[PDB]
């Protein structure tokens, strides 16, 4: 079924700028690959950080490479409460009016004034696949999950880009609410 798409489940994690990488891991430090993600060029790094909010901290928070233009922190709704912040629900890069927190690495720390979000679900899709399915960048679709916690997710954003692999991204709470894990399959309706 060509409308079936693989699931990628995201635990809390961070993307770093070079300025913050330098602060956290030392000047000129380079991320080490641990595991490639499904999206071209993206990977889980060996490196981890601590996130510290007004209420508490989350440790062993995975860094995702490569480095980006701007630091971005993705956490679950649950994580927000543990941290003591209220991150808005956003697509990647949509960081206007977002809270920050303190990031701690082995060689230093920095207190960000912004950049923390709850990740809004979405489907990455290659232009060829989009053509075959009749979808365009920015379309919203329903997505159905089978099984014991089966259901439908409404108005899921389609992100079409040449450097993309066909994959739906949801966070760990969204996945557990559907009894899904990495490489499970869902269906675009």
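Positions refer to the first chain, counted from 1.
- Remark: stretch with higher mean C-alpha B factor among 152-160 and 56-64 is 152-160.
- Just going by the entry, 69-77 versus 112-120 on mean CA temperature factor gives the higher value to 112-120.
- Across the options 172, 14, 165, 24, the residue with the most elevated CA B-factor in the record is 165.
- Ranked against the other modelled residues of its chain, the C-alpha B-factor of residue 102 as given in the entry falls in the lowest third.
- In this PDB entry, the Cα temperature factor of residue 50 sits in the bottom third of its chain's modelled residues, the lowest group.
- The PDB entry assigns residue 133 a C-alpha temperature factor belonging to the highest third of its chain's modelled residues.
- Sort the chain's modelled residues by C-alpha temperature factor and residue 29 lands in the highest third, per the entry.
- Sort the chain's modelled residues by C-alpha temperature factor and residue 40 lands in the highest third, per the entry.
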